[PDB]
file my_file-v4.json (JSON, C-alpha atoms and all ligand atoms)
[["chain", "number", "residue", "atom", "x", "y", "z"],
["A", 1, "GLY", "CA", 37.27, 5.16, -11.21],
["A", 2, "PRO", "CA", 34.86, 3.52, -13.74],
["A", 3, "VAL", "CA", 32.61, 0.49, -13.02],
["A", 4, "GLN", "CA", 34.51, -2.83, -13.28],
["A", 5, "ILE", "CA", 34.64, -6.45, -11.99],
["A", 6, "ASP", "CA", 36.95, -7.94, -9.31],
["A", 7, "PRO", "CA", 40.06, -10.05, -10.22],
["A", 8, "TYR", "CA", 38.95, -12.82, -7.79],
["A", 9, "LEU", "CA", 36.26, -13.92, -10.32],
["A", 10, "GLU", "CA", 37.08, -12.17, -13.67],
["A", 11, "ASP", "CA", 35.08, -13.13, -16.83],
["A", 12, "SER", "CA", 34.68, -16.85, -15.96],
["A", 13, "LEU", "CA", 33.12, -18.69, -18.95],
["A", 14, "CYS", "CA", 29.81, -20.58, -18.38],
["A", 15, "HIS", "CA", 30.85, -24.28, -18.24],
["A", 16, "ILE", "CA", 27.22, -25.46, -18.88],
["A", 17, "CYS", "CA", 26.89, -24.10, -22.46],
["A", 18, "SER", "CA", 30.64, -23.26, -23.04],
["A", 19, "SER", "CA", 29.47, -20.28, -25.21],
["A", 20, "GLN", "CA", 30.30, -17.21, -23.02],
["A", 21, "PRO", "CA", 30.38, -15.81, -19.41],
["A", 22, "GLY", "CA", 26.97, -15.48, -17.68],
["A", 23, "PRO", "CA", 25.34, -12.15, -16.58],
["A", 24, "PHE", "CA", 23.99, -13.71, -13.33],
["A", 25, "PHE", "CA", 26.28, -14.57, -10.38],
["A", 26, "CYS", "CA", 25.77, -17.27, -7.70],
["A", 27, "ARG", "CA", 27.62, -16.68, -4.37],
["A", 28, "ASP", "CA", 26.61, -20.10, -2.87],
["A", 29, "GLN", "CA", 29.46, -22.49, -1.91],
["A", 30, "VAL", "CA", 27.86, -25.11, -4.26],
["A", 31, "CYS", "CA", 28.22, -22.83, -7.34],
["A", 32, "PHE", "CA", 30.42, -19.68, -6.90],
["A", 33, "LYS", "CA", 30.24, -19.04, -10.70],
["A", 34, "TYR", "CA", 28.25, -17.24, -13.46],
["A", 35, "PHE", "CA", 25.38, -18.72, -15.53],
["A", 36, "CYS", "CA", 23.23, -17.67, -18.52],
["A", 37, "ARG", "CA", 19.40, -17.35, -18.15],
["A", 38, "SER", "CA", 18.77, -20.90, -19.52],
["A", 39, "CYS", "CA", 21.86, -22.42, -17.80],
["A", 40, "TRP", "CA", 20.83, -20.86, -14.46],
["A", 41, "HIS", "CA", 17.32, -22.35, -14.66],
["A", 42, "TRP", "CA", 18.85, -25.77, -15.53],
["A", 43, "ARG", "CA", 21.45, -25.58, -12.68],
["A", 44, "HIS", "CA", 19.08, -24.51, -9.86],
["A", 45, "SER", "CA", 16.11, -26.77, -10.92],
["A", 46, "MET", "CA", 17.61, -29.66, -8.89],
["A", 47, "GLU", "CA", 16.44, -29.90, -5.25],
["A", 48, "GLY", "CA", 18.96, -28.69, -2.63],
["A", 49, "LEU", "CA", 19.97, -25.61, -4.73],
["A", 50, "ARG", "CA", 16.39, -24.14, -4.95],
["A", 51, "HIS", "CA", 17.35, -21.58, -2.21],
["A", 52, "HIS", "CA", 19.88, -19.86, -4.59],
["A", 53, "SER", "CA", 19.23, -16.42, -6.23],
["A", 54, "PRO", "CA", 20.77, -14.63, -9.31],
["A", 55, "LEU", "CA", 22.95, -11.65, -8.32],
["A", 56, "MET", "CA", 24.65, -8.83, -10.25],
["A", 57, "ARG", "CA", 28.37, -9.03, -11.21],
["A", 58, "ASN", "CA", 30.38, -7.20, -8.48],
["A", 59, "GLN", "CA", 28.77, -4.12, -6.78],
["A", 60, "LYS", "CA", 26.11, -2.21, -8.78],
["A", 61, "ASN", "CA", 26.54, 0.69, -6.27],
["A", 62, "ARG", "CA", 29.45, 1.82, -4.00],
["A", 63, "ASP", "CA", 27.08, 2.66, -1.08],
["A", 64, "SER", "CA", 23.31, 2.59, -0.31],
["A", 65, "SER", "CA", 20.73, 2.30, 2.54],
["A", 101, "ZN", "ZN", 23.71, -21.68, -7.52],
["A", 102, "ZN", "ZN", 25.65, -20.68, -20.16]]

call {"tool": "encode", "arguments": {"input": "my_file-v4.json", "output": "structure tokens", "more": "lines below"}}
Ligand SMILES: [Zn+2]
Ligand SMILES: [Zn+2]
result
Amino acid sequence: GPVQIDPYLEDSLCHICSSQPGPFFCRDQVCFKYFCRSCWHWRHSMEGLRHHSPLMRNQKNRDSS
């Protein structure tokens, strides 16, 4: 089938700006939500979350090395 997102996350709206869903995903137990470029920088600036990293939404590839 075609590329698509999982129903366990869906298009969750960015609660920081309240404008739209973010392109970057955070899998950390602290976040577990999407953020925009500016909202992501604001969220992860605080110490204790500086180990986080922006991921793609769902799998960008079914299988790889
Ligand atoms: Zn995070
Ligand atoms: Zn945002």

call {"tool": "atom_distance", "arguments": {"input": "my_file-v4.json", "atom1": "CA of residue 42 in chain A", "atom2": "CA of residue 61 in chain A"}}
result
29.1 Å

call {"tool": "residues_near_ligand", "arguments": {"input": "my_file-v4.json", "ligand": "ligand ZN 101 (chain A)", "cutoff": "7 Å", "atoms": "all atoms listed in the file", "output": "list in words"}}
result
residues 26, 28, 30, 31, 43, 44, 49 and 52 of chain A

call {"tool": "closest_residue", "arguments": {"input": "my_file-v4.json", "among": "A:62, A:41, A:33, A:51", "to": "residue 15 in chain A", "atoms": "all atoms listed in the file"}}
result
A:33

call {"tool": "residues_near_ligand", "arguments": {"input": "my_file-v4.json", "ligand": "ligand ZN 102 (chain A)", "cutoff": "10 Å", "atoms": "all atoms listed in the file", "output": "list in words"}}
result
residues 13, 14, 15, 16, 17, 18, 19, 20, 21, 22, 23, 24, 34, 35, 36, 37, 38, 39, 40, 42 and 43 of chain A

call {"tool": "atom_distance", "arguments": {"input": "my_file-v4.json", "atom1": "CA of residue 56 in chain A", "atom2": "CA of residue 1 in chain A"}}
result
18.9 Å

call {"tool": "closest_residue", "arguments": {"input": "my_file-v4.json", "among": "A:65, A:12, A:27, A:5", "to": "residue 53 in chain A", "atoms": "all atoms listed in the file"}}
result
A:27

call {"tool": "atom_distance", "arguments": {"input": "my_file-v4.json", "atom1": "CA of residue 4 in chain A", "atom2": "CA of residue 50 in chain A"}}
result
29.2 Å

call {"tool": "axis_aligned_box", "arguments": {"input": "my_file-v4.json", "around": "range 51-61 of chain A", "padding_each_side": "5 Å", "output": "JSON"}}
result
{"center_x": 23.9, "center_y": -10.4, "center_z": -6.7, "size_x": 23.0, "size_y": 32.3, "size_z": 19.0}

call {"tool": "closest_residue", "arguments": {"input": "my_file-v4.json", "among": "A:25, A:60, A:54, A:48", "to": "residue 9 in chain A", "atoms": "all atoms listed in the file"}}
result
A:25

call {"tool": "decode", "arguments": {"input": "my_file-v4.json", "residues": "range 37-53 of chain A", "atoms": "C-alpha atoms", "output": "mmCIF file, in the first residue's frame"}}
result
data_model
loop_
_atom_site.group_PDB
_atom_site.id
_atom_site.type_symbol
_atom_site.label_atom_id
_atom_site.label_comp_id
_atom_site.auth_asym_id
_atom_site.auth_seq_id
_atom_site.Cartn_x
_atom_site.Cartn_y
_atom_site.Cartn_z
ATOM 1 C CA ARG A 37 10.888 23.713 13.919
ATOM 2 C CA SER A 38 10.524 26.731 16.286
ATOM 3 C CA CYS A 39 8.378 24.828 18.854
ATOM 4 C CA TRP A 40 10.900 21.946 18.905
ATOM 5 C CA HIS A 41 13.819 24.308 19.623
ATOM 6 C CA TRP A 42 11.756 25.963 22.417
ATOM 7 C CA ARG A 43 10.696 22.585 23.947
ATOM 8 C CA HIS A 44 14.147 20.910 23.997
ATOM 9 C CA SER A 45 16.137 24.068 25.058
ATOM 10 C CA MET A 46 15.415 23.258 28.743
ATOM 11 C CA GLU A 47 18.043 21.073 30.488
ATOM 12 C CA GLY A 48 17.043 17.404 31.007
ATOM 13 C CA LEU A 49 15.509 17.115 27.478
ATOM 14 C CA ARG A 50 18.740 18.101 25.595
ATOM 15 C CA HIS A 51 19.315 14.366 24.769
ATOM 16 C CA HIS A 52 16.167 14.294 22.508
ATOM 17 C CA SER A 53 16.349 14.185 18.647
#
